[PDB]
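Undergrad: Contents are compact mmCIF, N, CA and C atoms; file name upload39.txt:
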# COMPACT_ATOMS: atom_id res chain seq x y z
N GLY A 1 -10.55 22.63 -54.35
CA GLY A 1 -11.72 21.83 -54.79
C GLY A 1 -11.31 20.71 -55.73
N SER A 2 -12.16 20.40 -56.71
CA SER A 2 -11.90 19.40 -57.76
C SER A 2 -10.83 19.84 -58.78
N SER A 3 -10.29 18.89 -59.54
CA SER A 3 -9.27 19.10 -60.58
C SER A 3 -9.35 18.03 -61.68
N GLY A 4 -8.91 18.37 -62.90
CA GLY A 4 -8.82 17.46 -64.05
C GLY A 4 -7.62 16.50 -64.02
N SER A 5 -6.74 16.60 -63.01
CA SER A 5 -5.53 15.78 -62.86
C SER A 5 -5.16 15.55 -61.39
N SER A 6 -4.43 14.47 -61.10
CA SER A 6 -3.82 14.21 -59.79
C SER A 6 -2.73 15.24 -59.45
N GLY A 7 -2.47 15.45 -58.15
CA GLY A 7 -1.34 16.26 -57.66
C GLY A 7 0.03 15.66 -58.02
N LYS A 8 0.12 14.33 -58.18
CA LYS A 8 1.30 13.65 -58.72
C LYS A 8 1.42 13.89 -60.23
N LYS A 9 2.39 14.72 -60.61
CA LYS A 9 2.70 15.09 -62.00
C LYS A 9 3.69 14.12 -62.68
N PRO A 10 3.76 14.08 -64.03
CA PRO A 10 4.75 13.27 -64.76
C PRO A 10 6.20 13.68 -64.46
N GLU A 11 7.11 12.69 -64.44
CA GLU A 11 8.56 12.87 -64.28
C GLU A 11 9.36 11.67 -64.83
N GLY A 12 10.66 11.87 -65.07
CA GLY A 12 11.57 10.84 -65.60
C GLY A 12 11.32 10.47 -67.07
N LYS A 13 11.89 9.32 -67.49
CA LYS A 13 11.79 8.75 -68.85
C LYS A 13 11.88 7.21 -68.79
N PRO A 14 11.04 6.46 -69.53
CA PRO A 14 11.01 5.00 -69.47
C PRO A 14 12.22 4.35 -70.16
N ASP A 15 12.66 3.20 -69.64
CA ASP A 15 13.83 2.44 -70.12
C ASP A 15 13.70 0.90 -70.04
N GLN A 16 12.48 0.40 -69.83
CA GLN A 16 12.19 -1.03 -69.62
C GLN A 16 12.47 -1.88 -70.87
N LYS A 17 13.17 -3.01 -70.69
CA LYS A 17 13.42 -4.03 -71.73
C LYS A 17 12.17 -4.86 -72.03
N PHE A 18 11.93 -5.17 -73.31
CA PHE A 18 10.88 -6.09 -73.75
C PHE A 18 11.18 -7.59 -73.57
N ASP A 19 12.28 -8.06 -74.16
CA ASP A 19 12.78 -9.44 -74.09
C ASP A 19 14.28 -9.53 -74.44
N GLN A 20 15.08 -10.23 -73.62
CA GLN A 20 16.51 -10.47 -73.86
C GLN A 20 16.99 -11.76 -73.17
N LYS A 21 17.85 -12.54 -73.85
CA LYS A 21 18.57 -13.71 -73.31
C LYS A 21 19.76 -13.29 -72.44
N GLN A 22 19.48 -12.65 -71.30
CA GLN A 22 20.48 -12.03 -70.42
C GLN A 22 21.47 -13.05 -69.81
N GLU A 23 21.01 -14.26 -69.51
CA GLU A 23 21.82 -15.39 -69.03
C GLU A 23 21.14 -16.75 -69.30
N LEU A 24 21.89 -17.85 -69.15
CA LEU A 24 21.41 -19.24 -69.21
C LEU A 24 21.62 -19.95 -67.86
N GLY A 25 20.95 -21.08 -67.64
CA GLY A 25 21.08 -21.88 -66.41
C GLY A 25 22.36 -22.72 -66.37
N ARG A 26 23.16 -22.60 -65.31
CA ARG A 26 24.40 -23.38 -65.10
C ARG A 26 24.68 -23.70 -63.62
N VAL A 27 24.42 -24.95 -63.22
CA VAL A 27 24.82 -25.49 -61.90
C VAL A 27 25.39 -26.89 -62.08
N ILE A 28 26.62 -27.08 -61.61
CA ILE A 28 27.29 -28.37 -61.49
C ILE A 28 26.70 -29.15 -60.32
N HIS A 29 26.44 -30.43 -60.53
CA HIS A 29 26.08 -31.41 -59.51
C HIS A 29 27.26 -32.36 -59.27
N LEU A 30 27.57 -32.61 -58.00
CA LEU A 30 28.58 -33.57 -57.53
C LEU A 30 27.90 -34.58 -56.59
N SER A 31 28.08 -35.88 -56.83
CA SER A 31 27.54 -36.95 -55.98
C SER A 31 28.59 -38.05 -55.73
N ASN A 32 28.31 -38.95 -54.78
CA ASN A 32 29.24 -39.97 -54.28
C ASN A 32 30.56 -39.37 -53.74
N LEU A 33 30.46 -38.22 -53.05
CA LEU A 33 31.60 -37.55 -52.41
C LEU A 33 32.16 -38.35 -51.20
N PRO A 34 33.37 -38.02 -50.72
CA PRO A 34 33.94 -38.53 -49.46
C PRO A 34 33.17 -38.04 -48.22
N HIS A 35 33.54 -38.56 -47.05
CA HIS A 35 32.79 -38.40 -45.78
C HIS A 35 33.65 -37.86 -44.61
N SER A 36 34.88 -37.39 -44.88
CA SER A 36 35.91 -37.07 -43.87
C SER A 36 35.71 -35.75 -43.08
N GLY A 37 34.55 -35.08 -43.18
CA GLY A 37 34.24 -33.87 -42.40
C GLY A 37 35.03 -32.62 -42.83
N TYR A 38 35.34 -32.52 -44.12
CA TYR A 38 36.11 -31.44 -44.76
C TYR A 38 35.44 -30.05 -44.82
N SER A 39 36.25 -28.99 -44.94
CA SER A 39 35.77 -27.63 -45.24
C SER A 39 35.20 -27.54 -46.66
N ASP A 40 34.25 -26.63 -46.90
CA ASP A 40 33.64 -26.41 -48.22
C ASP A 40 34.60 -26.12 -49.38
N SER A 41 35.72 -25.44 -49.11
CA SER A 41 36.81 -25.20 -50.06
C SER A 41 37.35 -26.48 -50.72
N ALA A 42 37.30 -27.63 -50.03
CA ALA A 42 37.73 -28.92 -50.56
C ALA A 42 36.89 -29.35 -51.78
N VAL A 43 35.57 -29.14 -51.72
CA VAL A 43 34.63 -29.38 -52.83
C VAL A 43 34.68 -28.30 -53.90
N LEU A 44 34.76 -27.03 -53.49
CA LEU A 44 34.81 -25.89 -54.42
C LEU A 44 36.04 -25.95 -55.34
N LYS A 45 37.20 -26.34 -54.81
CA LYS A 45 38.44 -26.54 -55.59
C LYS A 45 38.40 -27.67 -56.63
N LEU A 46 37.33 -28.47 -56.67
CA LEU A 46 37.07 -29.40 -57.78
C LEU A 46 36.55 -28.65 -59.02
N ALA A 47 35.88 -27.51 -58.83
CA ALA A 47 35.27 -26.69 -59.89
C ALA A 47 36.11 -25.44 -60.23
N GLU A 48 36.88 -24.90 -59.28
CA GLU A 48 37.79 -23.76 -59.51
C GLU A 48 38.74 -23.88 -60.73
N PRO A 49 39.29 -25.06 -61.09
CA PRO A 49 40.14 -25.21 -62.28
C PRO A 49 39.40 -24.99 -63.61
N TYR A 50 38.07 -25.14 -63.61
CA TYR A 50 37.22 -25.07 -64.80
C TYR A 50 36.56 -23.70 -65.03
N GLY A 51 36.46 -22.87 -63.98
CA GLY A 51 35.95 -21.50 -64.04
C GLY A 51 35.67 -20.87 -62.67
N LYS A 52 35.18 -19.63 -62.69
CA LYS A 52 34.73 -18.89 -61.50
C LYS A 52 33.42 -19.43 -60.93
N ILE A 53 33.26 -19.36 -59.61
CA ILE A 53 32.08 -19.83 -58.86
C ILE A 53 31.31 -18.63 -58.29
N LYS A 54 29.98 -18.66 -58.38
CA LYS A 54 29.08 -17.63 -57.82
C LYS A 54 28.51 -18.02 -56.46
N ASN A 55 28.01 -19.25 -56.36
CA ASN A 55 27.22 -19.79 -55.25
C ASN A 55 27.42 -21.31 -55.14
N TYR A 56 27.11 -21.91 -53.99
CA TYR A 56 27.21 -23.36 -53.77
C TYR A 56 26.26 -23.80 -52.64
N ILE A 57 25.94 -25.09 -52.63
CA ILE A 57 25.15 -25.77 -51.59
C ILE A 57 25.76 -27.16 -51.36
N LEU A 58 26.35 -27.41 -50.19
CA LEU A 58 26.78 -28.75 -49.77
C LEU A 58 25.64 -29.51 -49.09
N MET A 59 25.55 -30.82 -49.32
CA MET A 59 24.56 -31.73 -48.71
C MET A 59 25.23 -32.98 -48.10
N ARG A 60 25.25 -33.07 -46.77
CA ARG A 60 25.81 -34.23 -46.04
C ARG A 60 25.03 -35.53 -46.32
N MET A 61 23.70 -35.43 -46.44
CA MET A 61 22.83 -36.55 -46.80
C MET A 61 23.19 -37.10 -48.19
N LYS A 62 23.50 -38.40 -48.26
CA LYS A 62 23.99 -39.12 -49.46
C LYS A 62 25.29 -38.56 -50.08
N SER A 63 26.01 -37.68 -49.38
CA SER A 63 27.29 -37.07 -49.78
C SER A 63 27.25 -36.42 -51.18
N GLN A 64 26.54 -35.29 -51.27
CA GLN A 64 26.29 -34.52 -52.50
C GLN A 64 26.68 -33.04 -52.36
N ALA A 65 26.83 -32.34 -53.49
CA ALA A 65 27.03 -30.90 -53.56
C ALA A 65 26.52 -30.30 -54.88
N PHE A 66 26.14 -29.03 -54.85
CA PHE A 66 25.82 -28.21 -56.02
C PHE A 66 26.68 -26.94 -56.08
N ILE A 67 27.12 -26.52 -57.28
CA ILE A 67 28.00 -25.36 -57.49
C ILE A 67 27.54 -24.56 -58.73
N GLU A 68 27.20 -23.29 -58.56
CA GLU A 68 26.87 -22.37 -59.66
C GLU A 68 28.14 -21.75 -60.25
N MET A 69 28.44 -22.06 -61.52
CA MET A 69 29.55 -21.47 -62.27
C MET A 69 29.16 -20.10 -62.86
N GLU A 70 30.14 -19.24 -63.13
CA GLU A 70 29.88 -17.95 -63.79
C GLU A 70 29.32 -18.12 -65.21
N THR A 71 29.80 -19.11 -65.96
CA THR A 71 29.37 -19.42 -67.34
C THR A 71 29.01 -20.87 -67.61
N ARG A 72 28.11 -21.08 -68.58
CA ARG A 72 27.65 -22.43 -68.96
C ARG A 72 28.72 -23.21 -69.72
N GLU A 73 29.60 -22.52 -70.45
CA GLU A 73 30.79 -23.12 -71.07
C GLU A 73 31.80 -23.59 -70.01
N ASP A 74 32.05 -22.77 -68.97
CA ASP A 74 32.87 -23.16 -67.82
C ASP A 74 32.36 -24.38 -67.05
N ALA A 75 31.04 -24.47 -66.88
CA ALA A 75 30.37 -25.64 -66.31
C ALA A 75 30.48 -26.88 -67.24
N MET A 76 30.07 -26.76 -68.50
CA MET A 76 30.08 -27.88 -69.46
C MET A 76 31.48 -28.48 -69.67
N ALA A 77 32.54 -27.67 -69.58
CA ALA A 77 33.94 -28.12 -69.66
C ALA A 77 34.32 -29.08 -68.51
N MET A 78 33.81 -28.86 -67.29
CA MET A 78 34.02 -29.76 -66.15
C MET A 78 33.34 -31.12 -66.37
N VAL A 79 32.13 -31.12 -66.94
CA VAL A 79 31.42 -32.35 -67.34
C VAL A 79 32.16 -33.11 -68.44
N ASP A 80 32.58 -32.42 -69.50
CA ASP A 80 33.33 -32.99 -70.63
C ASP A 80 34.66 -33.64 -70.21
N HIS A 81 35.40 -32.96 -69.33
CA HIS A 81 36.61 -33.52 -68.72
C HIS A 81 36.31 -34.79 -67.92
N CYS A 82 35.26 -34.80 -67.10
CA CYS A 82 34.88 -35.98 -66.31
C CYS A 82 34.45 -37.16 -67.20
N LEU A 83 33.75 -36.88 -68.31
CA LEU A 83 33.36 -37.87 -69.32
C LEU A 83 34.58 -38.49 -70.04
N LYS A 84 35.66 -37.72 -70.23
CA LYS A 84 36.94 -38.17 -70.81
C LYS A 84 37.81 -38.94 -69.80
N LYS A 85 37.91 -38.44 -68.57
CA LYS A 85 38.57 -39.08 -67.42
C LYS A 85 37.87 -38.72 -66.10
N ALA A 86 37.40 -39.73 -65.37
CA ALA A 86 36.55 -39.57 -64.20
C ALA A 86 37.27 -38.84 -63.05
N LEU A 87 36.52 -37.98 -62.35
CA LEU A 87 37.02 -37.17 -61.23
C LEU A 87 37.16 -38.00 -59.94
N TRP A 88 38.34 -37.95 -59.32
CA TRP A 88 38.65 -38.57 -58.02
C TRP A 88 38.94 -37.54 -56.92
N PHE A 89 38.40 -37.76 -55.72
CA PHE A 89 38.51 -36.85 -54.57
C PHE A 89 38.55 -37.54 -53.20
N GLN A 90 39.64 -37.34 -52.44
CA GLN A 90 39.96 -38.05 -51.18
C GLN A 90 39.87 -39.60 -51.29
N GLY A 91 40.17 -40.15 -52.47
CA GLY A 91 40.09 -41.59 -52.75
C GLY A 91 38.69 -42.13 -53.08
N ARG A 92 37.70 -41.27 -53.38
CA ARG A 92 36.37 -41.64 -53.90
C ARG A 92 36.14 -41.14 -55.33
N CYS A 93 35.46 -41.93 -56.16
CA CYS A 93 35.08 -41.53 -57.52
C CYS A 93 33.82 -40.65 -57.47
N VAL A 94 33.93 -39.41 -57.93
CA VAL A 94 32.85 -38.41 -57.91
C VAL A 94 31.99 -38.46 -59.17
N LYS A 95 30.67 -38.54 -58.99
CA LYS A 95 29.66 -38.38 -60.05
C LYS A 95 29.51 -36.90 -60.39
N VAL A 96 30.13 -36.45 -61.48
CA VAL A 96 30.00 -35.08 -62.01
C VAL A 96 28.90 -34.99 -63.07
N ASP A 97 27.99 -34.04 -62.89
CA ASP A 97 26.87 -33.71 -63.78
C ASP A 97 26.57 -32.20 -63.86
N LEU A 98 25.69 -31.78 -64.77
CA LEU A 98 25.15 -30.42 -64.83
C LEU A 98 23.62 -30.46 -64.77
N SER A 99 23.04 -29.76 -63.80
CA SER A 99 21.62 -29.87 -63.44
C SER A 99 20.68 -29.20 -64.45
N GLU A 100 19.64 -29.93 -64.88
CA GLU A 100 18.52 -29.38 -65.65
C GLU A 100 17.54 -28.60 -64.75
N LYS A 101 17.40 -29.02 -63.48
CA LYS A 101 16.60 -28.34 -62.45
C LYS A 101 17.21 -26.98 -62.09
N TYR A 102 18.44 -26.98 -61.60
CA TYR A 102 19.09 -25.80 -61.02
C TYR A 102 19.70 -24.83 -62.03
N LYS A 103 19.03 -23.70 -62.28
CA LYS A 103 19.52 -22.62 -63.16
C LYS A 103 20.60 -21.77 -62.47
N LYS A 104 20.42 -21.56 -61.16
CA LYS A 104 21.30 -20.86 -60.21
C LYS A 104 21.06 -21.42 -58.79
N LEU A 105 21.88 -21.03 -57.81
CA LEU A 105 21.71 -21.43 -56.40
C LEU A 105 21.40 -20.22 -55.50
N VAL A 106 20.33 -20.34 -54.71
CA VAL A 106 19.80 -19.31 -53.80
C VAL A 106 19.32 -19.91 -52.47
N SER A 107 19.59 -19.23 -51.35
CA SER A 107 19.08 -19.64 -50.03
C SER A 107 17.57 -19.35 -49.91
N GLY A 108 16.77 -20.38 -49.60
CA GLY A 108 15.31 -20.30 -49.54
C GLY A 108 14.61 -20.12 -50.91
N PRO A 109 13.27 -20.03 -50.93
CA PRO A 109 12.49 -19.80 -52.15
C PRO A 109 12.66 -18.38 -52.71
N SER A 110 12.34 -18.20 -54.00
CA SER A 110 12.35 -16.90 -54.69
C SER A 110 11.17 -15.98 -54.33
N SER A 111 10.09 -16.54 -53.76
CA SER A 111 8.90 -15.80 -53.31
C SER A 111 9.13 -14.97 -52.03
N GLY A 112 8.30 -13.93 -51.84
CA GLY A 112 8.30 -13.04 -50.67
C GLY A 112 7.72 -13.68 -49.41
Before we go any further, please render this structure as structure tokens.

TA:
Amino acid sequence: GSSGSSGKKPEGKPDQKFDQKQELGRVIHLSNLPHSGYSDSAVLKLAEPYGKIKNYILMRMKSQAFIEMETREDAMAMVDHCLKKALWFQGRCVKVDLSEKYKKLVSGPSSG
């Protein structure tokens, strides 16, 4: 018949975080790239000397690329080096930046 409680009883113990700065946003932007039909490793090896890479997106349109670094210090060091001496690749001068838009790189939207 009736009961003062559900058949689903209590179990486990709660462990949920309130608030933490677990990570910061870090994606390198590359523009004015060469056009020679190269493998993705050719672009990735521009960022490999400065730190570890998580994710990337190449764009043939206007010859651009995006690269997610493991750390924001590893990313900012690539920008600082380019500001001191400009990056050259396959005989083209590369526009090196760090994106305010891109916190990380993911295929498709974050929604379901």

Undergrad: For a cutoff of 9 Å around the file-coordinate point (26.6, -30.1, -57.6), which residues qualify once you count only C-alpha atoms? I'd like the result as number ranges by chain.

TA: A: 27-31, 56-58, 64-68, 96-99

Undergrad: Quick one: everything within 12 Å of residue A:35, counting only C-alpha atoms, minus sequence neighbours fewer than 6 positions away in the same chain. Send it as a list in words.

TA: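 So, after excluding close chain neighbours, the residues are residues 42, 43, 59, 60, 61, 62, 63, 64, 89, 90, 91 and 92 of chain A.
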
Undergrad: What are the centre and the three edge lengths of an axis-aligned box that wraps all atoms of stretch 59-63 of chain A in the file, given that 4 Å is added to every side, written as AutoDock Vina command-line options and rounded to one decimal in Å?

TA:
--center_x 25.1 --center_y -35.0 --center_z -48.6 --size_x 12.5 --size_y 16.3 --size_z 13.1

Undergrad: Would you compute the distance between atom C of residue A:80 and atom N of residue A:34? Give it in Å to one decimal.

TA: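 About the pair atom C of residue A:80 and atom N of residue A:34: they are 20.0 Å apart.
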
Undergrad: One decimal, in Å: what's the spacing between atom N of residue A:81 and atom CA of residue A:20?

TA: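 Atom-to-atom, atom N of residue A:81 and atom CA of residue A:20 are spaced 29.7 Å apart.
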
Undergrad: Could you get me a file of stretch 30-52 of chain A with C-alpha atoms, as an mmCIF file, in the first residue's frame, taken from the block above?

TA:
data_model
loop_
_atom_site.group_PDB
_atom_site.id
_atom_site.type_symbol
_atom_site.label_atom_id
_atom_site.label_comp_id
_atom_site.auth_asym_id
_atom_site.auth_seq_id
_atom_site.Cartn_x
_atom_site.Cartn_y
_atom_site.Cartn_z
ATOM 1 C CA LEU A 30 48.464 31.489 -36.886
ATOM 2 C CA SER A 31 47.639 33.552 -40.044
ATOM 3 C CA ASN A 32 49.276 34.398 -43.435
ATOM 4 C CA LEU A 33 50.529 30.750 -43.696
ATOM 5 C CA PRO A 34 52.054 29.132 -46.887
ATOM 6 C CA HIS A 35 49.890 27.343 -49.529
ATOM 7 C CA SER A 36 52.037 24.274 -50.596
ATOM 8 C CA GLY A 37 49.481 21.523 -49.563
ATOM 9 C CA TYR A 38 51.493 20.373 -46.470
ATOM 10 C CA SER A 39 50.641 17.820 -43.715
ATOM 11 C CA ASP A 40 49.280 19.207 -40.375
ATOM 12 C CA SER A 41 52.584 18.308 -38.591
ATOM 13 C CA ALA A 42 54.252 21.158 -40.599
ATOM 14 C CA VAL A 43 52.067 23.748 -38.729
ATOM 15 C CA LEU A 44 52.081 21.889 -35.367
ATOM 16 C CA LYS A 45 55.946 21.896 -35.304
ATOM 17 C CA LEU A 46 55.792 25.744 -35.186
ATOM 18 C CA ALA A 47 54.237 25.399 -31.659
ATOM 19 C CA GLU A 48 55.980 22.139 -30.465
ATOM 20 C CA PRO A 49 59.246 24.061 -29.488
ATOM 21 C CA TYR A 50 57.198 26.275 -27.072
ATOM 22 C CA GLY A 51 55.156 23.508 -25.319
ATOM 23 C CA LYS A 52 52.824 20.464 -25.543
#
